[PDB]
Each structure stands twice: as C-alpha cells, then as structure tokens.
Amino acid sequence: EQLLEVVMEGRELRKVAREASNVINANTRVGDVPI
Amino acid sequence: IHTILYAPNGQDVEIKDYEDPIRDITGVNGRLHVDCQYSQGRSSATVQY
Amino acid sequence: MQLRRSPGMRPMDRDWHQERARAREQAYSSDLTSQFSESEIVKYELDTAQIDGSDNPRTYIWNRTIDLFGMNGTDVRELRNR
Amino acid sequence: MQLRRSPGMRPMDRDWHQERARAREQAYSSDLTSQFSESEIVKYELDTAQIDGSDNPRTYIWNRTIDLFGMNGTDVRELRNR
Amino acid sequence: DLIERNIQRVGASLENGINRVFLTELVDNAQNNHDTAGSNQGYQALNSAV
Amino acid sequence: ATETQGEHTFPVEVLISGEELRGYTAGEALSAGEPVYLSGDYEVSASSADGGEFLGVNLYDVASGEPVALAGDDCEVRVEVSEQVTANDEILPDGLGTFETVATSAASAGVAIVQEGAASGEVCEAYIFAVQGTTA
Amino acid sequence: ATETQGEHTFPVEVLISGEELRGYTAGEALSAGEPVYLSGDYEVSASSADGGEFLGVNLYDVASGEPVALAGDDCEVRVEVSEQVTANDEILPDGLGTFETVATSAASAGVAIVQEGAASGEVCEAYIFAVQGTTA
Amino acid sequence: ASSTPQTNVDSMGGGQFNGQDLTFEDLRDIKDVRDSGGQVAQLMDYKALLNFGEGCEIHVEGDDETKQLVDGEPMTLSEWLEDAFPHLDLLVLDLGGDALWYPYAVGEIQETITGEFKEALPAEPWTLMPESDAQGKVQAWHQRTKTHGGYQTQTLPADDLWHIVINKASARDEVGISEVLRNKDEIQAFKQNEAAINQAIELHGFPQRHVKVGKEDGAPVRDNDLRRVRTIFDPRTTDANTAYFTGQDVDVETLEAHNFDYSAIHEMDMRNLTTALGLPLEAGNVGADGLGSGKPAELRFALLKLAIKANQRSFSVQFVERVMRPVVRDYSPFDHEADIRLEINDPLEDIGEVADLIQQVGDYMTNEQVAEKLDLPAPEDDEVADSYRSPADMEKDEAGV
Amino acid sequence: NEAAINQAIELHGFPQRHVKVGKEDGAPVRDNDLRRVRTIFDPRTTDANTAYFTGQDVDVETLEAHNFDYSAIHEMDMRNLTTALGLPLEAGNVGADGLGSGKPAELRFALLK
Amino acid sequence: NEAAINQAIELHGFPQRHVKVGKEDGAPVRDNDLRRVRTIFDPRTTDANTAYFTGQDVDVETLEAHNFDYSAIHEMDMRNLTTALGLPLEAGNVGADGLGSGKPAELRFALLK
Amino acid sequence: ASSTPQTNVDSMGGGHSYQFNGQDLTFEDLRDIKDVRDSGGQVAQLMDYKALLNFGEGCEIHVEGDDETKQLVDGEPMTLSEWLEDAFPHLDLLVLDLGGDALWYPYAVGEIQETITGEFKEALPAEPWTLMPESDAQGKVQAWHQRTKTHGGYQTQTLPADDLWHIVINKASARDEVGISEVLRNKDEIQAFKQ
Ligand SMILES: [K+]
Ligand SMILES: [K+]
Ligand SMILES: [Mg+2]
Ligand SMILES: [Mg+2]
Ligand SMILES: [Mg+2]
Ligand SMILES: [Mg+2]
Ligand SMILES: [Mg+2]
Ligand SMILES: [Mg+2]
Ligand SMILES: [Mg+2]
Ligand SMILES: [Mg+2]
C-alpha cells in the first residue's frame, strides 16, 4: 500500500503583461522616460 | 604595555556580513574583546603641561 | 507560517493519510468517542474520515466459538459469489 | 624557601591558572560563599578573580520548559547581531 | 560598493576602539611623570621623561 | 476560520508575520485562531469575555493536555471578529473564540490593533502588541 | 532630522537597533522619523496629538500612495523632540511630526522611552515599546 | 522520416526561469558538500580520480594523411591538437571532476589578442544554469555570482559557451543530474550518524566517577556539604598515585563506559554510502568477509571498470564534439570533419598482465599494436612498426645475416 | 527495512542517560525540581571526564544501547533484492560463505553470463 | 515463509520502548495521564542522545529484539524450492558445507549437466 | 569568441580590513595553518608523510627535441636540458619544499632572483603564511599583500603580481587562482581528533 502522492492544482490566472507591453529592465528603482 | 585581544573564534577582529532574506537587508557587524594593561607601569613616564 | 499540525497543512502530511487509513481499518462503528481518544480525533480529523467499520477486515472474518472445520479467520469478501 | 601554596608562588602554579578559569566558568554571581568551598576560595584566591557569572556559558544558553522549535541550547552570544 | 565601505567603516571603528582602550590605559597608569610646569617643553621635557 | 474557493473550504493560515512562537500545554481542547491565556503553570486555556486574560493566539487544533504553539505579541495574525471592525481599532478576546473591539468590551485597553477591517463573523488582519494578566 | 560635521549636514539614520520593520501604504506625504498611525486598511498617516494614534515611525521619505517601511514597538530609534527630554521620560507623537512627553501631553501613557536626553528641536534616542489605537 | 525532433521532451517550464529543474540554491548546496571536506568529499574525489586521473591520448584516423604546413613546418592534426591543448590531462581531470559533482561541466572558448586560439576555459559550474527549448536543447546560460553582501546575475547565449554531461535522466537529457543531489539522503544519513556517534563517545565512551555521600536512610547532605567533598575527590587534581580514606558513609561508585558498537554503525554508514555512490566498499577504508578474493572480487572490480569506461566514453565524445571540433573548425587549417578520438586511460591496468599477454601472443600483434598496449611511442620506421616479429629480432637478423 | 533500521539506530543504537531523583517510597519530586537537576546533568555542557557528587537519593541509570542485528537485516534485504533483479549477491557489497570459490562460483558466474 | 519472515522482522527484528508509569501497587494512571507522558518520551521528537530526568515511579523498559534465525529459515525454504525445481542449491544464493569441492562437487555438476 | 573571459567568478572580499569572507583567507587563518604545521604530533607527521609521498622521490627535466637546441652558452655547448640542470642544481629539494608548502597552505609562492651581474641566481621561495593575493572581478591575481612579524607587532607591504610567482595544488574550481588549504578544509576533523 502507498498513498496517492499527488496534489491537484487550484485556479491559475492568465499572465500576459510581459508580452502585451513594452518591457523596460530598469537599472534603477526610480527613473524617467523623456517625452 | 600589553594590548590583550580576545576572540572565541580565531584571534583578530571578527567582521561579518550577513543577509536577512525576510527584509532584504545586508547587515555588516564587527566585534572584538579588548583590554590594555601595563606589566611594568614604571617603564613609562608621562609629559605634563 | 504553517506548522505540521496547522489546519491548512494536514492534507500534505504522510502521517495524516496513514493514520486515517489505520483508523478506517481499526473501527467497528461510526461512533468515534467510544473508539478513539480526543487526541486522535483532533490530530487526524477523524470526523471527516468515512469511519463506519465497513473497512475493518475483522467485520468480515468468521470467529466461531466451536470450530469443527478449522474455518475461523476466513473472510467472506473472498468467497466466489462476491 | 617557597612551597606551592606559598603566597609568592601562586602565579607560577599551572593549577592556580586552570582552577581560576574553572571558577569563572562555574559561577552565576560574585557571591563566592554560595558557590565554592572555603578551601578553594583561599587556595585559588577567588576574591581576586573577576568572578561574576558573565563567563559562565549557562548564563547565555536558552532552556525553556517546552521546546517545539529546537531553540533550546542556542547561546545568545553566538547570534548574527552579537 | 557600499558593503566594502561599510566593512571599512566597521574595521576603522573597531581599530579606533582598540586605540582608545590602549591610550587610556597608557596615560592613566604610567607610574612616572615629568611635570614641565609650562616651561622647557619639547626636547628637554622628552629627555627628562626618559 | 475558513475561506471558500468553489466547492472547497480552506483553513486560513493564522500567522501572517511574526518571530514570537512559544510552546505551552493545553488546559482544555482549543482550535486554531482562538485567543488564550495562562490558566496554570505553563498551561493555556481560552480567554474569557473582557480584560486580564490574553497571552497569544493558538496556532493549531488540540485536544486537552497536548502541546500548543502560540503566536505572541509582535505577531500579525488573521483572526475572526464577532463585530464589524476598522483599521486602527483596538481589539480584545471576545470570550466566544473570536475577538471584538475594546470599544464594545467592558475593558479600556486592547491586545491587538486591526490593520485590515472586517464584517461581523469575518477574518480581519491584526497586529498583537500586548498581553494581559491578573492585575486585580 | 540632521547631523552636522564641519560644513556638512548629514541625514540621521532613524533605526539604531531592532528588526521589527513592517510595510504599509502611505496615506499622505511622510518624512523620515515621523510618527504614523493606521488611517485605512494597511494604510498609515501622520499621528495627531494626545494618543490613540501610533503604530511606528516612518523610516524614509515617501510621497502619498507609495509603500512605506515603518519601525515598530521593539525598535530603538533616533527621533526629533518638540521639547527638552531626559532619560526615562515617556514620549508620544506631537501632531507636529515630532515627539513630546507624556508629562506635557493630555495623554497618560507613552509609546517610547527616552534613552538619551535632548533639547527642544534636537534628536533624542528612544526605544519604542507600545502602539496605540482607537479604544473609544 | 524528418529533419526535426517530433517527440516532445517533458522540459519546457512554466516559470520566469526556464523551469529551473535545479535552482542556484541547489547548486550552492552541491558546492557546500564539496567544500565541507571529510569522508564524503574524499569518496567523491576518489570517484573523480578513478574516472579521469589516469590522463588521456588523442587519436585521429588517417592522421598521416592530414600532413599540412601550419607555419612553414609540417604538422598532422594530432600534432596540432596536442599543441592546441598542452595540458589536456589536467583539463580532463578538472572537467570530469566537475561533471560528476554537478549536473554538467561548462566553459568558454578563449583567444589570444591576435585572435589565435588560447584555451577552452572552464567556468564555475555552481554559478551557471541552462535555459532550454521545447525540444530540450540549451538556448541560453543564466549565471549568478557572489559579490560583496549579494549577487550579480547575467545571461549569455548557448552560441559561445560549451557544456558536458556525464550523468543523464535520458539519452535526450541535455541538462543532466548531480550524483550528490541524487544521493543527498544517504549523505545526510552518513553525516547525522557521524555526529550522533561523536556525541555518544563523549557522554558514554568513558567511565565517570559518582561519589555518594551520607548513610542510606540516615542524615541528609546539602549542596554546601557536597562542595567540600567535591574539593577532596576532584578528578582535575587526581592521579594514579592517589588513595582515599573515608568513614563508612562515603561511597565511590562508577558510571561505567556504556558499550555500543559505533564501529558497526560507521561500517553500515560507509556500506550504504559507498554502494550509493557506486564505489566498492574498500574505497571507504572498510573491509568485508568473502569479498576479498576470487570471482566475488573480480565481479566488483569488473563493475567498477565498466562504470569508469561508460563515463569515459560519455565524456570523450562530448569533449571532441563540443570543444575540439569547433576549435579545429574556427582556428585551424585542418578539416574539422576528421575522425578525432580522445581516449582516457584505464586507472586499474596491471602492466604485468599486459607483459604476460605480450609474451604469450605477441607473435600475432604488430610492433605498433605492442607499443600501443605497452604505452610506448610506435617505432620510427613504419616497416618495423607494421611487422609482426619483434624489432629486436629484426635488428639481430638485419645485422647478423 | 532501510527506513526501519535508520529509525531504530537513532532510538536504540546509542545509550541514553536516565537520572532518577528521590527515595523509593519517599518524598515526591515535582517538575520544577527536575528542571534544576537537569541543569546539573545536562549532556550539552557535560564533558567526557565530568564527575558527580550526590546524596544517596540520586541515581544515574542508563538506557543501554539495545542490541539488534541490523547487519543481518541489511544482508537479508540485499539477498532478496539482488536475486529478484537476477544479479549476483556480490553486486550489493554483501558476501556469502562457501559460495566464494570452486564449482559454486563457476555456476553463479555461468548463470550471470 | 517469505511473508511470515517479513512480518516477523517488522514486529520482532527491532527493539521497542515500553514506558511504565506509576508505582507498583500505588495510585492508578489513566489514558489522559499517559498522553502527557507519551508527549515526553515520543520517539518522533526524541533524538540519539536525548537524556531523561524522572521521579522514582517512571520506568523506561524495553521490548528487546527477540532473536530468531530467519537466515536458516530462508536457507531451508530455498533448499526445498531449488531441489523441487531440480536446480542446484547455489542458484538460490545459498550453498552448503563440505559440498564446494572434490568428488561431491563433481557429482552435483554431473547430475545438472 | 573573446580575448577576455565573459563568465564571472564569485569571489569578492575584504579590502584593507578583515572580513569573514569565506572565499578570501586572512593572515590569522594562514597563521592557524602555521600553528598546525609546527605544533607537531600525529597530525603534523601525517601531513609530512603526505608531502613526502607527493614530492619526496625527486624529479627529472625533459625537453622534446633537446638535441636540436645545441648552442654555445659561454664558449661551451649546451642543450636546454643541460642549461636548466645548471640553472636549478638542487631542484629535488625545491620540489619537496614547495610541494609540501603547497599541500599545507593554499599555495606555494616565491621570487625570482639575480646575481649582481644580472644572471639568474635562484627561484627564492617566500613564507606562505605571510602573503595573501588580491584578485580582480574576472579572476586574476593582481597584487600580493604581505604581513610579517616584528618585535611584538607587524610590518606590512604590498607587491605586484609580476616579479612573484605562485603554485596552487588544491582548487575550489578549475577557474580558481587562489586555492584551498586542506588543513582549513578539514579543521573540524583535526579538532575532533585532538579533543
Ligand atoms: K460584552
Ligand atoms: K498639547
Ligand atoms: Mg524622476
Ligand atoms: Mg619613578
Ligand atoms: Mg533587539
Ligand atoms: Mg516582525
Ligand atoms: Mg516586542
Ligand atoms: Mg534527620
Ligand atoms: Mg510526603
Ligand atoms: Mg488509590
């Protein structure tokens, strides 16, 4: 005899921001974009 | 005139960095145990104004 | 923080499964108070285990007072008509 | 002539060093009468040793009645911020 | 590198502590004293202390 | 206290943040998130309705006589309130296994401060900052 | 709060000791060493006078709506006082962004104990030992 | 068939790391086992020394036909490779060591300032983890390195690093397995029992004196009174000459040394650990009954040599394919599609058995083949090298006839 | 059986000190009192040549290491497993008497080949 | 017999701790009282070098590992099974005394061939 | 590829002050190795046996195509092997002494020296506990920092990683230029033995 060594997942949300926008990897926590 | 230094670990000043991953802080801490004593205080003369 | 006994963690504990199986195999009835300690009932959440005596092997085993045919220990759920 | 116990010779005796170190690690307070034999107080000149309980490891070790987290036996003068 | 700077500050601060302990013992517990009485300071005071 | 996600009910994690964990003996059966007080030598029991009876909150369900982990003061905890509460309210053990406000109680001073408000019968988030004993 | 060395003025490090540092949203613009209290759900604003409004001191300058770190009631801190204080004085917020004594305040209990004395407008060193919320 | 893999490979992660089958923390954990020293580290170092410590040789098929002017002087591809990699015996031991400890050995190609080849430069394997595509091939390398009080992290393309994997989950496994992490439980079991033994030796390994004072059911003795007795019987001041004189109401009892078989516990730990790491028990300085001689011995040394051969073959192929061929292609006048092989020597050869073989069947081997088996340079004259009867036997005839 | 052995070695492989306090049929000793006795006899600060001085009503007993043949259990497990996988026993770093030489050795190696 | 040995090793192969509580012919101890004692001597939270302090009325007894020669039982089972299947005894990883060399070996190998 | 390494090397530390860095080793850690070496007994003899095994049996210098090197050095012919055997007359002792010190300490380290005429004198070794390297962010040693005892205190000085040389037997990685002391790697085992 051995357990069901499994875990059922919960709800998983849709992750898209990183594709759906311009991503800046900033050098500083605070900064400016010139317009 | 003797500078007596003591450390439970090693001999010199003990200076360590450590990271707190709960707060995202590096702490830098220094410790030393010290005393100073003459073996022969007659072997020194002070100059006084 | 979650301890091994904390209520959200119990389903992850290998012992919580193993002792609930142990309790199912060991009961004669759904009446927990007559069979288990308050410690066992709380620690292993035995109210929520389907305890009723139906999974105890000894529910199904012949245990006759005079056994001419050497037949005690036989389990009825192993007969051909089951 | 000088004997091992003679007052001018005590600082030459290895045991006078070793036993004063022992005495500092034994104590919980400066009260020598509470802690040491009157022979030891005289033989090792324990009045002149800085006995105060600050050198005893047991002053700094945690020893709670119940320990669910393995805290007991830690020495506070060995923590990160000490 | 702030961590190198902080290691340097901590090391300096300990060394300053040693120097304070040293100089305080040295000055307080010297058994000889040349009192210059506000006069003949410099070499003559230094030779007198020797 | 419990959260619903579809069919499922999940127990809430009681201790949000906190360095202050200590082990006592249960003087009676206790359940996760109950406020408790000293009832004998290292023995801990459910707090009654007003001041003078609070050491911390129980972290897991116990039978009588079992070892109990408490979250003490310096801890942030998810606790059920029997009353509607708001941020900056001081709260106190209610005597019913919940907390209530100091303003509702007979007491003048609380044991925890609400950081995140809740309706009656609902989970607030609060910081435990004091313990209360017998002052007469 | 500031320290002078020669020509130069330096910022004072608010935190002397302690690890009870916690995160909130600023309900308004706040400044380092300023006492704050809960103005909303996980939101803090500058403390008014005479008690019932203190969770900790703001550790660095922030604009409104920014996340803010706060030193809580196990920390040892450098803070500006509106009046002369001395060792063993209990102190609490002024309403002015500083601290004053329980002796001058209309309140009866403090939140920090002065460990090193200071004149009016100077920086004392104090140990934060309590928080104060709404008791009614 | 097809030109692209059409089975999937169980490896494309959900997160924003590429799944991180091991994380940088696990890689530091391997580094921490390695740097901790003691018996565990020495066993894994013996594993590295067996697999790679005996050094290497480079072969090319049709090497003579490669003869080309490199810099006015002629070279073969073997001669060029031996000049390109002067210290390959050290590099093979270093990379082979890393590729047993960690999931992979990994490194850069390096150039002189003039842009001629300098070296294959290994990189610290605990600092690097691969990121890989839906067909399991490595596309980028992500590197995290210590700095004062924290870390710097960077990403490099798979284009200009190289990597080698000894231990694999499958033939498609381009990421590999750490044998340390694969056996971490046995390592923990060993280390915990070591500490348990050490503490038990202190408490229980030595007898301790127990002086009991006062008569049973007689007058009670207080702490004040025991301090004076303690002063008399103090072990710190006692010797082999010391004798004791007492009334009837003082008893000098002994807590005996309480025997337990720590030797059997150590031998069990070492058996579990050596077998888990695939070494023979003998590597752990532990012996065994009925295993020291005959076919029982010959099997375990055969199993060891097979394991060594399998690792060597796996390493050799990947070093040639991922390191040597690119270096020939990019910095050499020779053909990179030449049939290069890197052999690694067998650590457990008996030269006396080789000499016995040469005496018994040399009459069927060329002088070149004999020189290869004997680990010597092949003869200068290709005729004497190619011939089957001894060069000394040809000399005595060529002179004597 | 590996798990059972490892757990049994921790519980039973090493001696453990059992201090008993008070006289049999005498005055009872309470929990508070034992805390002070524990402070005297604590293994954490004890060392190899520590000596004890007591009244007649303190007994330093020992839970002995309770011997069991875990070597024989490991050998039995290894014998079962190796033969189940068709390997010779020696692949498990376990030996056997009589089997190590002569026609008995010739046979097991013939079976393997 | 394999099943019987495997079960017997679990029950009897390892010593088991038996804490006896209360004075003989003294005050009785109930289950809720034993729960608190079980919390102290719990093998789950006990470690290799744990030490105990008690009054005179707590006894840490041991069920010793009760020895039985399961090696001889396995050898006998294998001796039956191999001979019943007409295999030589050596195929079962067992072997026998005085049988590994000389005319005794020549005979068994002749019979097998 | 590149003419400089693009992989980083995990190994910042210290500056002028002490740090419990883990990658670096202090003059105290170095003088601890000196103390294990000179305090004697079974531990010291085992590490001396380790040195004698690795380096005690002496050495031989080879040059491939040595005969082709035949040249007049000072009105007399030599090969490179013959010149090297004159340059290093007692190389066997140097190999044992350096090789032993490189098993004790993380490295052996030393100078090159010249006669007054400027011809080669010897590769004079340096006392390894007195010296520690400074290394850059990409992994090379750039300077050597020396601390040496004088009359109840210390001299200190710095030297470029130019006219010194150093040898490392034991390494943390194939890219390690500073190495590991097998003594400090096993300090806990040594103290367990002594206790
Ligand atoms: K009420
Ligand atoms: K006012
Ligand atoms: Mg800006
Ligand atoms: Mg004088
Ligand atoms: Mg503090
Ligand atoms: Mg906190
Ligand atoms: Mg606090
Ligand atoms: Mg009396
Ligand atoms: Mg009585
Ligand atoms: Mg009765």
Side-chain angles (χ1 to χ4, degrees), chain C residues 14, chain H residues 21-22 25-51 97 99-103 126 166-169 176-199 261-288 291 300 303-304 307-308 311, chain I residues 1-14 70-82 85 87 89-94, chain J residues 14 47-48, chain K residues 188-189:
Chain C
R14 281 187 185 278
Chain H
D21 297 337
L22 297 175
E25 305 278 23
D26 306 315
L27 272 47
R28 263 70 186 193
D29 293 340
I30 302 160
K31 169 64 189 299
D32 289 351
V33 175
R34 192 170 193 280
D35 86 11
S36 72
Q39 290 158 107
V40 176
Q42 190 62 50
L43 286 175
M44 188 65 73
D45 290 345
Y46 290 147
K47 195 181 179 75
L49 287 165
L50 284 167
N51 284 274
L100 290 164
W101 278 98
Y102 303 95
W126 68 88
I166 294 171
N167 304 109
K168 288 185 177 174
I177 295 291
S178 170
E179 279 289 310
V180 168
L181 300 181
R182 195 189 185 200
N183 302 287
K184 193 69 184 287
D185 290 335
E186 291 73 16
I187 291 168
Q188 278 294 344
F190 183 98
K191 285 196 175 193
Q192 292 171 26
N193 288 352
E194 255 277 345
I197 290 165
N198 185 267
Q199 182 60 215
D261 197 346
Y262 45 94
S263 303
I265 303 173
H266 267 132
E267 288 166 26
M268 185 214 67
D269 298 330
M270 198 67 75
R271 194 179 316 254
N272 276 28
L273 183 61
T274 53
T275 304
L277 302 181
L279 292 163
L281 178 53
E282 290 67 30
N285 305 101
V286 169
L291 288 181
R300 299 198 323 296
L303 285 172
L304 183 60
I308 291 155
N311 294 333
Chain I
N1 289 346
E2 279 258 61
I5 293 161
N6 184 268
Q7 182 65 216
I9 290 294
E10 173 165 48
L11 294 174
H12 306 287
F14 310 94
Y70 48 92
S71 299
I73 304 172
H74 271 142
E75 288 169 21
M76 181 210 67
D77 296 329
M78 193 61 75
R79 195 185 310 259
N80 282 21
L81 183 63
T82 52
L85 302 182
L87 289 164
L89 179 54
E90 297 82 355
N93 300 107
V94 163
Chain J
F14 309 93
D47 68 39
Chain K
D188 293 334
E189 210 85 55

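Every chain is numbered from 1 and lettered A, B, ... according to where its sequence line falls, protein lines coming before strand lines. Atom set for the values below is all heavy atoms of this structure, side chains included, hydrogens, waters and symmetry mates excluded.
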*NE2 of I:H74 to CG of I:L81: how many Å apart, nearest 0.5 Å?*
11.5 Å

*At what distance, to the nearest 0.5 angstrom, does CG of J:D47 lie from CD of H:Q199?*
9.0 Å

*Minimum side-chain heavy-atom gap J:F14-I:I5 below 4.5 Å*: yes

*Going from CG on H:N193 to CG on I:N6, what distance comes out if it is rounded to the nearest 0.5 angstrom?*
6.0 Å

*Grab the two heavy atoms, one from H:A48 and one from H:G97, that are nearest each other, plus how far apart they are.*
CB-CA, 3.9 Å

_Shortest non-hydrogen contact between H:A41 and H:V33, atoms and distance_ = CB-O, 4.5 Å

*Close side-chain approach of H:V180 and H:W101, heavy atoms under 4.5 Å*: yes

*Over all atoms of both residues, closest heavy-atom pair of H:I265 and I:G13*: CD1-O, 4.0 Å

*To the nearest 0.5 Å, tell me how far H:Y102 OH sits from H:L181 CG.*
10.0 Å

*Rounded distance [0.5 Å steps], CG in H:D269 versus CD in H:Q39*: 9.0 Å

Would you give me the side-chain donor-acceptor pairs under 3.5 Å for residues 274-282 of chain H, sequence neighbours excluded?
residue	atom	partner	partner atom	Å
H:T274	OG1	H:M270	O	2.7
H:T274	OG1	H:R271	O	3.3
H:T275	OG1	H:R271	O	3.0
H:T275	OG1	I:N93	OD1	2.7
H:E282	OE1	H:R300	NH2	2.8
H:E282	OE2	H:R300	NH2	3.1

*Using the salt bridge (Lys or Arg N to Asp or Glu O under 4.0 Å) rule, collect all pairs that involve residues 36-48 of chain H, keeping only residues at least two apart or in two chains.*
H:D45-K:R185

*asked:* Rounded to the nearest 0.5 Å, what separates atom OH in I:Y70 from atom CG in H:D261?
replied: 5.5 Å

_Nearest atoms (heavy-atom pairs only) where H:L303 meets I:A91_ = CD1-CB, 4.0 Å

*Do H:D26 and H:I30 have side chains that get closer than 4.5 Å, going by heavy atoms?*
no

